[PDB]
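> Here's my sequence, what's the structure:
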Amino acid sequence: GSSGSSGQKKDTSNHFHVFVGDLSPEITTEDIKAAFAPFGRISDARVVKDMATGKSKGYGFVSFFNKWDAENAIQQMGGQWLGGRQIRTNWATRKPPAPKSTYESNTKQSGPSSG
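Numbers count the residues shown, from 1 in each chain. Here you go, the structure:
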């Protein structure tokens, strides 16, 4: 914090982030914004990349000023074709599943027999 305050500063406090996947390797941070562009003014938009090489991971993030703007997209944008391939839109922030596993296999057989 330098001497003095720049002004109206905010860090996506009351913003809604959106999840985007199935994005072609040729898609750039811009491309994404262009998709949700007409779906509401986008603030935070970027394309996840590998911190090891720096290559397009595949999924990206898109935050909107309002909740509707995003939601609307998550539905419409979801299942659409961006750039040159489909895309998976959903809520970036979700709750983890509960610990529970089960499995069953009804064999109902003694053994194979032929001639």
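> quick one, helices of this structure?
For the chain, the helices defined by DSSP state H occupy 29-36, 67-76.
> so of those, which one's packed in deepest?
helix 29-36 (a mean of 19; mean count of other Cβ atoms under 10 Å). (C-beta placed from N, C-alpha, C; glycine too.)
> what's the offset of that helix from the middle of its chain?
With Cα atoms, centre = their mean, to the nearest Å as the basis, helix 29-36 stands 13 Å off its chain's centre.
> on contacts alone, who are the packing partners of that helix?
strand 42-49, strand 56-64, helix 67-76, strand 81-82 (3 or more Cβ pairs under 8 Å, 6 or more residues apart in numbering; DSSP states H and E).
> Out of the helices of the chain, the one nearest residue 17 is which?
Nearest of these to residue 17, taken as Cβ to Cβ: helix 67-76 at 8.0 Å.
> Tell me what angle the closest one forms with strand 42-49.
Helix 67-76 runs at 40 degrees relative to strand 42-49, counting by axes from the mean of the first three to the mean of the last three Cα atoms, to 10 degrees.
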